[PDB]
């Protein structure tokens, strides 16, 4: 129950004002909107939330703003991971005290720890707040290192490590994890275009970007699937597929911020070193969004 975050977890964007500061009021308005339109749980200051370029102070305040906003309607997972174990632990402890319902812990990027060091890293974070759920996040494309299924299988023996956001794109790996972990341990898709395929082999849901725009449709797809209406589910997947691709034509969260802007949200641009969507990206998104009546 403490580990149940639903099926649609949205990695929320971080809106910025024109001066580049965090726009707390927009973040609140976005959080409430999401939670009323398909998001079960908000993942705050993930990758999509531009974590690398935020200060800790801005992260802390975002977690507080969202918790206040979505009190008793949605859970809140805090992006607290790092390629330094000590920094992750520090962040996790601070987030624990303000009331987050879990943390998202990325595999250490850039330094490429071996599996033994990855095991210790996640173990140490788990043990620093043994009652706080911990969601592993494997994204080799960004970190330069994959978390092996054997390592995940071992970490799932720690009671508060309650799942993995699997964004490797490798279904073999996801199935190896699923078949050797308990049911309290959940797999989430980390790519919107893989949600349906991963559901088919036992995943719980998705940590989504697209849910900012079509969260009610993702719910419908997942509920359709779980109730055995497999062709309704596939129809929705195939209909959304062009949007899912458009949302990664350049590095997330550049496209999603442009999409939201096209619907009138004042989310600002991304923060350096991320750069603004070029005209191409914007036009491709527009056409796809128009085709889906999102604008």
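Positions refer to the first chain, counted from 1.
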| item | value |
| --- | --- |
| Higher-B stretch (mean Cα B-factor, as the entry records it), 271 to 279 or 15 to 23 | 271 to 279 |
| Mean C-alpha temperature factor, higher of 3 to 11 and 285 to 293 | 285 to 293 |
| Deposited CA B-factor, highest of 64, 44, 260, 233 | 260 |
| Of the residues 182, 108, 175, 197, the one carrying the largest Cα B-factor as recorded | 182 |
| CA B-factor ranking of residue 191, expressed as a third of its chain | middle |
| Third of the chain's Cα B-factor distribution that residue 50 belongs to, per the entry | lowest |
| Residue 127 by Cα B-factor - lowest, middle or highest third of the modelled chain | highest |
| Ranked C-alpha temperature factor of residue 94 among modelled chain residues, by third | highest |
| Residue 101, C-alpha B-factor rank within chain (lowest, middle or highest third) | middle |
